[PDB]
Structure formats: C-alpha cells, structure tokens
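Peer 1: Contents are PDB, C-alpha atoms; file name work29.pdb:
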ATOM      1  CA  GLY A   1     138.616  99.535 118.066
ATOM      2  CA  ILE A   2     136.518 102.687 117.912
ATOM      3  CA  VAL A   3     134.583 101.806 121.074
ATOM      4  CA  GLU A   4     137.742 101.208 123.083
ATOM      5  CA  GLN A   5     139.393 104.387 121.792
ATOM      6  CA  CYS A   6     136.429 106.796 121.882
ATOM      7  CA  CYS A   7     133.836 105.348 124.281
ATOM      8  CA  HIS A   8     135.911 103.547 126.923
ATOM      9  CA  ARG A   9     138.630 106.202 126.579
ATOM     10  CA  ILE A  10     138.704 109.735 125.178
ATOM     11  CA  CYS A  11     139.418 110.383 121.511
ATOM     12  CA  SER A  12     139.338 113.449 119.315
ATOM     13  CA  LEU A  13     136.834 113.769 116.498
ATOM     14  CA  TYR A  14     139.853 113.632 114.171
ATOM     15  CA  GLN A  15     140.432 110.068 115.372
ATOM     16  CA  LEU A  16     137.009 109.019 114.069
ATOM     17  CA  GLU A  17     137.884 109.621 110.400
ATOM     18  CA  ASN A  18     139.819 106.330 110.366
ATOM     19  CA  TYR A  19     136.459 104.551 110.731
ATOM     20  CA  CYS A  20     134.717 106.185 107.747
ATOM     21  CA  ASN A  21     134.102 103.072 105.623
TER      22      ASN A  21
ATOM     23  CA  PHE B   1     131.803 116.612 123.012
ATOM     24  CA  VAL B   2     135.170 118.265 123.658
ATOM     25  CA  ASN B   3     137.131 115.830 125.841
ATOM     26  CA  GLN B   4     133.993 113.713 126.309
ATOM     27  CA  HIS B   5     133.308 109.995 126.117
ATOM     28  CA  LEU B   6     131.428 109.073 122.934
ATOM     29  CA  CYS B   7     129.196 106.008 123.245
ATOM     30  CA  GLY B   8     126.053 104.690 121.615
ATOM     31  CA  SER B   9     123.850 107.259 119.921
ATOM     32  CA  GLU B  10     126.333 110.027 120.730
ATOM     33  CA  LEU B  11     129.136 108.086 119.041
ATOM     34  CA  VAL B  12     126.881 107.557 116.014
ATOM     35  CA  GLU B  13     126.152 111.283 115.890
ATOM     36  CA  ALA B  14     129.864 112.122 115.908
ATOM     37  CA  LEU B  15     130.636 109.514 113.246
ATOM     38  CA  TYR B  16     127.993 110.831 110.839
ATOM     39  CA  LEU B  17     129.399 114.306 111.518
ATOM     40  CA  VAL B  18     132.976 113.347 110.677
ATOM     41  CA  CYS B  19     132.224 111.101 107.697
ATOM     42  CA  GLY B  20     129.629 113.302 105.994
ATOM     43  CA  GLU B  21     130.645 114.767 102.658
ATOM     44  CA  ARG B  22     129.288 116.641  99.658
TER      45      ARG B  22
END
Translate this structure into structure tokens?

Peer 2:
Amino acid sequence: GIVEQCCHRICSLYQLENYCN
Amino acid sequence: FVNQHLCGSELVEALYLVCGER
C-alpha cells in the first residue's frame, strides 16, 4: 500500500506513479 | 522531499505532482 511504502517507509516519487488511477 | 517520509497532505501534494498531465 502507498501509505506503508511512502509514509511508514521511504519511497521515491517514481514509486508513486503506480497509484495514479 | 528527497529521502523524506510522505504522509497526509504532503503525500497528496506529491501524488498530484506525479500524476498530473497535459
């Protein structure tokens, strides 16, 4: 999940594109 | 934002940034 990957942990902005619905 | 946690409003801001398009 985006929260677990990017809020709880650190993600790159590139890893957010998978959540563009 | 580089190597930063992204939560709440700041996560929203990043998501709009990445998903915006012409």

Peer 1: Evaluate the PyMOL selection byres ((chain A and resi 3) around 10) against this structure - the residues, as a list in words, please.

Peer 2: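 For this structure, the PyMOL selection byres ((chain A and resi 3) around 10) resolves to residues 1, 2, 4, 5, 6, 7, 8, 9, 10 and 11 of chain A; 5, 6, 7, 8 and 11 of chain B.
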
Peer 1: Once the PyMOL selection byres ((chain B and resi 18) around 12) has been applied to the shown file, what residues remain in the selection, as a ChimeraX atom specification?

Peer 2: /A:12-21 /B:11-17,19-21

Peer 1: Could you dump the residues just selected with C-alpha atoms as a compact mmCIF listing (two decimals), in the coordinates of the input?

Peer 2:
# COMPACT_ATOMS: atom_id res chain seq x y z
CA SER A 12 139.34 113.45 119.32
CA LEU A 13 136.83 113.77 116.50
CA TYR A 14 139.85 113.63 114.17
CA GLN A 15 140.43 110.07 115.37
CA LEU A 16 137.01 109.02 114.07
CA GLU A 17 137.88 109.62 110.40
CA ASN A 18 139.82 106.33 110.37
CA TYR A 19 136.46 104.55 110.73
CA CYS A 20 134.72 106.18 107.75
CA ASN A 21 134.10 103.07 105.62
CA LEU B 11 129.14 108.09 119.04
CA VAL B 12 126.88 107.56 116.01
CA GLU B 13 126.15 111.28 115.89
CA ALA B 14 129.86 112.12 115.91
CA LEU B 15 130.64 109.51 113.25
CA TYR B 16 127.99 110.83 110.84
CA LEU B 17 129.40 114.31 111.52
CA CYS B 19 132.22 111.10 107.70
CA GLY B 20 129.63 113.30 105.99
CA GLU B 21 130.65 114.77 102.66

Peer 1: Enclose all atoms of segment 12-19 of chain B listed in the file in an axis-aligned box, grow every side by 5 Å, and hand back centre and edge lengths in Å to one decimal, as AutoDock Vina command-line options.

Peer 2:
--center_x 129.6 --center_y 110.9 --center_z 111.9 --size_x 16.8 --size_y 16.7 --size_z 18.3
